[PDB]
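If you read the protein sequences in the order shown, they are chains W, X, F, V, G and D.
The deposited numbering puts the first residue of the first sequence at 1422, with every later residue one more than the last.
The deposited numbering puts the first residue of the second sequence at 911, with every later residue one more than the last.
The deposited numbering puts the first residue of the third sequence at 513, with every later residue one more than the last.
The deposited numbering puts the first residue of the fourth sequence at 2, with every later residue one more than the last.
The deposited numbering puts the first residue of the fifth sequence at 2, with every later residue one more than the last.
According to the deposited numbering, the stretch in the sixth sequence is residues 1 to 56, 63 to 761, 785 to 1112, in order.
Backbone N, C-alpha and C define an ideal beta-carbon position, used for all residues, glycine too.
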Amino acid sequence: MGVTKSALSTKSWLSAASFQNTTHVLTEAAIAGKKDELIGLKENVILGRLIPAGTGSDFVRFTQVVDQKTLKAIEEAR
Amino acid sequence: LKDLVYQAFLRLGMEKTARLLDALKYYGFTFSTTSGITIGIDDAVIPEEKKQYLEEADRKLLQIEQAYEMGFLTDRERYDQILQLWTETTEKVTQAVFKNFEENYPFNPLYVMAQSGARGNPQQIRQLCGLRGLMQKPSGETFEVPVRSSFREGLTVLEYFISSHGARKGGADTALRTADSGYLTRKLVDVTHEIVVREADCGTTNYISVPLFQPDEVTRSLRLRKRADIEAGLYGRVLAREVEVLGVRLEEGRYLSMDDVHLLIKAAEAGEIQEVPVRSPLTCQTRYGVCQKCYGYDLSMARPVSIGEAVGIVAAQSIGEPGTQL
Amino acid sequence: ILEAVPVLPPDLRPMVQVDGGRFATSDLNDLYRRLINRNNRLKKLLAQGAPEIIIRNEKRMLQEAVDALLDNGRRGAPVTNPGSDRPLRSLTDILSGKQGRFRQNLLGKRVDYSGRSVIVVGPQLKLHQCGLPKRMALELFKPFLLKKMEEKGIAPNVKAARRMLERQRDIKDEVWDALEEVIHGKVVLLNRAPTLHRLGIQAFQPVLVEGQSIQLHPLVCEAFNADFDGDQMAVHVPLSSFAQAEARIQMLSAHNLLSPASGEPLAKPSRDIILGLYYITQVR
Amino acid sequence: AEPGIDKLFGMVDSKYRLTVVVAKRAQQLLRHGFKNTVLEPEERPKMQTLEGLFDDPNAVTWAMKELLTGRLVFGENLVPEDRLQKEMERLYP
Amino acid sequence: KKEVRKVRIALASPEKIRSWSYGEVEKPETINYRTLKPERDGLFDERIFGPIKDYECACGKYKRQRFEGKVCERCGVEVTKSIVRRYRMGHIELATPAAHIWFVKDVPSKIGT
Amino acid sequence: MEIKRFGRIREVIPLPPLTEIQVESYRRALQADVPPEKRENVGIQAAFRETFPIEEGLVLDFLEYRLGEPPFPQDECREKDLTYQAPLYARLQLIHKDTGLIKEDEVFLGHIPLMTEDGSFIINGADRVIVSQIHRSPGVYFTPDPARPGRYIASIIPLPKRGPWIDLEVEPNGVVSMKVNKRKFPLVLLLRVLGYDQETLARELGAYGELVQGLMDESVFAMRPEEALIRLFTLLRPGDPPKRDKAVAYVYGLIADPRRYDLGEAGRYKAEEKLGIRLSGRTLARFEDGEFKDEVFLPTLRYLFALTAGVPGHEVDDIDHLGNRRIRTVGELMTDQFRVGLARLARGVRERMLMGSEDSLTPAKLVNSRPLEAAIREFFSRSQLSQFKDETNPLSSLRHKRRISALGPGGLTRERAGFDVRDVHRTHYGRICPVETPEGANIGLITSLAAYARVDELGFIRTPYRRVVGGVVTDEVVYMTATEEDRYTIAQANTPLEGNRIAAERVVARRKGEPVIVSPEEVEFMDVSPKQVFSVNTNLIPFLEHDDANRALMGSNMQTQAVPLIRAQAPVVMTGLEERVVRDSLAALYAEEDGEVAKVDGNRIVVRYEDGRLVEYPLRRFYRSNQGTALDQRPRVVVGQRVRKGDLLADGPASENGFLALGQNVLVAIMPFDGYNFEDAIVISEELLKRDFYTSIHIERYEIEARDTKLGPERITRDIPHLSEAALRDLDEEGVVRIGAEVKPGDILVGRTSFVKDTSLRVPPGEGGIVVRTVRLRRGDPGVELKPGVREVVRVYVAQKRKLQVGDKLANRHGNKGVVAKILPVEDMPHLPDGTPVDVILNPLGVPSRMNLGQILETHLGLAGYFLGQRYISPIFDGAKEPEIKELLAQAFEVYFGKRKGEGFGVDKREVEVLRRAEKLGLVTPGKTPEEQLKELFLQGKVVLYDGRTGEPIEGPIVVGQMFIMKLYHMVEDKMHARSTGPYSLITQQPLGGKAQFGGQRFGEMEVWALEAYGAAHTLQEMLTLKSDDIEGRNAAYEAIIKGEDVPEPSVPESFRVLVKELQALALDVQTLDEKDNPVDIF
DNA sequence: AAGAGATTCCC
RNA sequence: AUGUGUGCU
DNA sequence: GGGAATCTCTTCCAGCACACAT
Ligand SMILES: [Mg+2]
Ligand SMILES: [Zn+2]
Ligand SMILES: [Zn+2]
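Structural data, given as structure tokens:
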């Protein structure tokens, strides 16, 4: 199916709520407890949350950094 | 220069290539002003054989024309005849423009620009010194009388008028599509914003064989695929099974640099391998997204693609940018 | 069928004094008004008498009045009395449309800390940096400059520093030097007119240049297709330390030396450079 | 160009990893006093008016010049969420 | 419950409709022209919605942050800034049930089907 | 100074008054010139009688009409938001069916805008102008059938929109179908309506192609005289078969639906001269005794068969042959709208017969003042066709009127059909410029009219053509139509001529619109001059034959936006159109009759007419142009001098002693310079600033209104309630700021308060400048409009003079745009061996890829121009050539070098080095003496130049010479944005406002995709909320930076938590589940 | 406004 | 705040 | 029960400007 025909029916209703007819995308998706999987960019942008890629990717988002001066202090009471 | 910047990029690094680039930008300027390169009226040196390239053309058509009046060839056929004559003639005079320089005026201020990566174009230089060709009528046809003059000499009133026809068409072909610049990137984004490289590798082993031979130039004859095409189908990709060719054994699941492809084509010439097994987004297992191995290289640089890149938008844009050129 | 009507929160529907005494209330208050008017007229009605015409007509009026609040435009068009034939923007309209809550962030939003000007070639600077006129550098980086003016003997406190830059003749050497101390490694984003591909916005380090036009490096032109014949470019400042961090790492010009489309250098030597180099490297 | 970025990109798995590392480093380096640096005696970033970059002009520059040495280690999970936040505010002003 | 992952939409029961509501708009009252304070428990009342002011309550028994999450003994005012005003919903109890025009008027009748 | 012309094609006729398309059309569009009994039925007058006798007892009649005296003068309407219109009177009587004849002449049934002697109409206090419009001319045409290249179709267009669209098609089966409105039916039936027997028809059509058998028939179907009407009605207007059809008769007849284009003009002349033979009456109706008659139908049929068969004299119409497309001039637009209004008036009078009391009701009971007012008022202010007068410079203003637009009332041209329409058709030759079309989108849809071209009432463009008697050229100029042009063999104007006799065995010519070389006998006409091919702007471009068509366009289009410089020079190389341009454009002031000079003030010039008369002339200094530039008229004659009739007394905003002064003549060296002239960037001498070369005067007009609110009556006083007297130091008048004060961004311009807080008018973040004039329209206003609610308006003219700064836009006539990059000081600029430095440096890399060698030549002649001090006039295609330029250069070289060789100086060592290198280069000839080498170089426009910042001569000679460069209308101060945080809006939190900040920059989807593709999520989210709409976090960051802490991120996305609420308002529920499906709080 | 889709009516 | 128009990119 | 025609609803494009108008 065509690219626009493809993107016309993404599972995520949050995305289709913008482009397609909103009152319809909401009416139709409401009757069936539709879980919008907050993954698509356009989808996750309407809200505000960091886009699920780059500096927002889960693979990277959850990372910490420390030095030995703190590493030791934490090391003690562990 | 471009190739040099590319090689130095992957050999010395990125931060180094910055410095190299700026050094070139400096010295290149500094010498471009000492050179004393300038555009004078005489600089557009018109080919010497001009009159003869026209002469032999005229005395040619004189015969051809007569053949029509006697009743040999038809309307269509002579229409094509004049076409072949002048199309050959213009292309012939071009050779004179470009050769006269290379022979008697090597450092021609108009020639060194058109020859290097500076501003200039072959068929454009052919218009400053040699003559413009036949122009396009308002319809899909062409004027049987070519603008037999050059921009250096006096381009006559009427010629200008039969030239404006296509001249204005150009403006349409560019300035109308100046609005369509946000249309294809748009349609391509709507479906690709979900795709991103957020995986290291997938459990699948599906690949495709990118043809190193084109079966359809003539009716049905297999031959070496275009020099350019192959490079865009193999550069910075990942193999599916180890393949040895010229003598070295290409690693299984290896990130192919450009040279890999080079020796691959050089091997394909001797008739070693016909195609190359390769991982591609086309066959990734990740529902929403693509994995590192499956995508390949590009990362504004020749590195394994970082885990987490928004490759959907990047690709959509990569396809959208040169859309207006068509 | 909802028997309880959820009412939107206040400020989302601002009943606010504008100027002179003009009051802009979002059409939603006007809609919620008649809803209560009919509703209470219905509940009270069932108490006193109960005529069929009266009560039924009332039910119809309620069912319509609530529809007006929900999706206006499906039955006639409820209008404020003769002054504007426009329909009141219903809750459905607060979302659907170019200026809604779905098409909202996707395409719109005007940024705060920003600006724009005419682009000019920037010969005496590297890829790492760009030329940005004094006035802009000052305005864009106003608060940083305020705090740094407090850290030194340029102003007593924040407010005094705020008044310190009020009139345009107050800008003394102290303030400028401070302004250099507020940037150093900080970078700004420069935006092309039509943004097409990824390399359409780069990050450069600001250099306090005189003149009034944005100076831009030669090599990064063909990237976002810019020539020096009237073009304009915009400028932003990645405020957050995170935004800064990512900006000068993945968005900085000297780091993006290859086009995502193809393994070809997009910051290659262009017009003048190549001429100059070619001239000196040919035999006679 | 920037302080040896090729070493930095290679230093991590993904390019974004480096960005998050640098960012958070700068953050804690600014929020818990600029003293919790890992290279302050002689090998340290400096500026041009006075040599007073020794205190607090830029946050990121420090993080990038720090990571350049094996004084810090990144990764997914290293220290409990709350405890880190607590002790990082305790040991410093 | 600290990390929002995905978001689902569905029809809401009368109870759920009232679960978000903190009182009933039993008046069509907005704001007095004289006192810009809210009117008769209508659309802007602090009791249902929120404190029109910042951290200060209606009359002024409690006026600062020290007692951040406490309600006044004599009038119901729990206070953050004017944000709790703009965040809390109220409702309306219709005398006769009415249907959602969204599910009625549509290319496919969500109710006629 | 002086001049040396080169043009040798004798211009047999002067250029027509350039502003005639706008003037003459309008003068002929009304009988205000000649008495109401004289000729000229057309225009407004015509419109009357078309809807005047409105027969019902109701019979009005055209008993003369007159108006013409305006409410307020030319200048006073410009200051007081008014119109240069006139009260419409017109004399109008009524005749009832029975006896009694009541009349009441004048009725104020509306107003009507007049036009200045320059071609504009001051509407609503704003100089506006209505351009012309091209569109297919209503008549009979024959174009090929869409799907079948075998048979053809007929076409009968009749404007306006209401009025059928008739097509005649010979259906492939054989039957000829009548297409009316859209529907089709056997045309033979309508042929029977008019009274055609099968026999006569068989005759007329049978004439040739047998195809007549497709129609002549219908025996059982066409054997009924009047019944074809009754049956047609049944088959066309589903209803009742009485006399309704016999009334529809008139609808496809006359007066009503079909075009009222006179008996002789549009319909007639078009039809006959193209096809058919006769037109009997405006359109197809003749009903002596109820019966029918026809003329256009049967010739239409005849011509159709002719085309779809043999060759009765080649019958093919071309949809856009231009000889098929009229040009609605200004007066036609006006008169058309007038007709439209009259129609509505007539609908009113039709309605009012029901609301009548007794008998008499001519004046105050029938004819009202709303339809006509609707027609004339809406048009001059809502029509897409009337626009702001582009008055950057006089030339711009002139061109704006001489332009033809396709975009119009929609019934003729849309905005979703181009590409093919835009193309330069063959007949635009001499008629329409094939260059002037504004580039960018909307190209081709706008084209300015050619130079000598002019409209001939009928609408079509006529070109001046010099006929010839066999071999000898005739001095008769015949203005030919596009359709009449094809019928001839015309030679080019370059053909060699002995006085008036051809002197070439082979003559370049053009037959039916194509290059053919013929003999001196077959010539029948000849182009007047090559200058007739292009619109005037293109004709203001020297050596155009050496420019690319694409570049020439920009070149022609740049002048329209050339800012009037205070010291504007005339081009050192011009074409000759300048002197005509200034006078025809009403730029400057000339003399009306011979005489001596009385008083040369800076405000007046009094002239000594021999007839004992001295007429007063104003000389106006600072009048704000519609665009922002300043118009100044400065005197050019001294007291005690004798002037002649038609000679200048003062200069216009862009003239120098009578020549179009649209820029400066600067000594340019074309060479690459460091990186400063990268791309199209331009390097400039500091000297150009030291002597006010490119300096302009812009007058920004600020304003404030005094609306009398009920919550608090606003009023203007010299009182600013709160802080300082220092800011009031300029406030002179009681409310108004002094004239001549210096205002700066933030300075107080007006003082006034509202419900007391300060709501006064201050100077925007851009720039103020120096106040020149303060206009104040109070309540006690001697005849003004003034906006409703407002009591008084305060307008301030703040002027300022702007010099050429880095970033401004510069360009030439040949079409090289380029913004200023660097202003190097005099010392480090490339300079000649002479002490003289260069002014502007233009990169040669901008030349070869655009094929515009015009700059090159202008520079070449410019060299000799500089050293001989004499400008030149080089006509378009008959101007200067290489031998002439080179020869002049040889002449200048003797000055430039003789001075040195004589003074006691010789060949510099540096010169010698450069020559030595030039030998190897290939320019100079090996052998000659250094002096002669330098001569050879100077001939080639090239000259030794010294680096200036080194002394080292640039190894390799570079072409230098003065060229004409113009500062375009763009500047940089006009476009400068830099706000970090300022005002927002109560309705939308997205930042914009002009108090102390400019306005926030727009962040579109294009930019958002870029940020997303980078993966800069933090920056992006920060961009969409923190700095845009998220108020809750905005102040967080703003408080963070002030203290010095890091910018806090938005924990809970604002646009998300708000969307949650906006969604819960309905029966919908937005549940924010957790990782393993569990409710999560947001608040 | 133009094109596409849905609904209704007639064969 | 939306439409018309033009200018530049 | 299917096919065709007519009506109604939705899509409606790169940036800034200056204008005016409603
Ligand atoms: Mg440009
Ligand atoms: Zn994969
Ligand atoms: Zn209280």
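Best match in the options for proximity to residue i [C-alpha to C-alpha]
{"i": "D:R388", "options": "D:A919, D:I136 and D:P659", "result": "D:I136"}
{"i": "F:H748", "options": "D:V867, D:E321, D:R1008 and D:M560", "result": "D:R1008"}
{"i": "G:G24", "options": "G:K38, G:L44 and G:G113", "result": "G:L44"}
{"i": "D:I611", "options": "D:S631, D:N632 and D:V645", "result": "D:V645"}
{"i": "F:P518", "options": "F:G788, F:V623, F:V632 and F:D579", "result": "F:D579"}
{"i": "D:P231", "options": "D:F298, D:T289, D:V785 and D:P1077", "result": "D:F298"}
{"i": "X:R1078", "options": "D:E82, D:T341, D:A1025 and D:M560", "result": "D:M560"}
{"i": "D:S1084", "options": "W:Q1441, W:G1423, W:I1467 and W:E1496", "result": "W:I1467"}
{"i": "D:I9", "options": "D:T501, D:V1001 and D:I1060", "result": "D:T501"}
{"i": "D:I382", "options": "D:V257, D:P93, D:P912 and D:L839", "result": "D:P93"}
Closer than 6 Å: residue i CB and nearest ligand 1 heavy atom
{"i": "F:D739", "result": "yes"}
{"i": "F:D743", "result": "yes"}
Closer than 6 Å: residue i CB and nearest ligand 2 heavy atom
{"i": "D:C439", "result": "no"}
Check: residue i C-beta below 6 Å from any heavy atom of ligand 3
{"i": "G:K64", "result": "no"}
{"i": "G:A59", "result": "yes"}
{"i": "F:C642", "result": "no"}
Open item on the list: Under 8 Å, with one C-beta from each stretch per pair, do the stretch 1052 to 1071 of chain D and the stretch 549 to 556 of chain F reach the 3-pair mark?
Closed with: Judged by Cβ distances under 8 Å, the stretch 1052 to 1071 of chain D makes no contact with the stretch 549 to 556 of chain F, as fewer than three pairs qualify.
- [ ] Collect the residues with a C-beta less than 5 Å away from any heavy atom of ligand 2 and give them in sequence order along the chain.
- [x] The set of residues with CB atoms less than 5 Å from any heavy atom of ligand 2 reads, in chain order, X:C1112, X:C1194, X:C1201 and X:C1204.
Open item on the list: For the pair the stretch 696 to 715 of chain F and the stretch 754 to 771 of chain F, tell me if three or more CB-CB distances fall below 8 Å.
Closed with: Enough Cβ pairs lie closer than 8 Å, so yes.
TODO: Jot down the residue ranges of each uninterrupted beta strand (DSSP E) in the stretch 738 to 780 of chain F, minimum 3 residues, whole runs only, in chain order.
DONE: The DSSP assignment places 744 to 748 as complete runs of the beta strand (DSSP E) inside the stretch 738 to 780 of chain F, in order along the chain (cut-off: 3 residues).
Task: the stretch 718 to 736 of chain D in contact with the stretch 587 to 600 of chain D per 3-pair CB rule at 8 Å - done: Contact between the stretch 718 to 736 of chain D and the stretch 587 to 600 of chain D is absent, because fewer than three Cβ pairs lie under 8 Å.
Open item on the list: Please give the ranges of any alpha helix (DSSP H) in the stretch 1010 to 1053 of chain X, keeping only runs that are unbroken, at least 4 residues long and fully inside the region.
Closed with: Taking only runs of at least 4 residues, the alpha helix (DSSP H) segments lying wholly in the stretch 1010 to 1053 of chain X are 1021 to 1025 and 1032 to 1038.
Task: the stretch 120 to 128 of chain D in contact with the stretch 102 to 111 of chain D per 3-pair CB rule at 8 Å - done: Verdict: no, contact absent.
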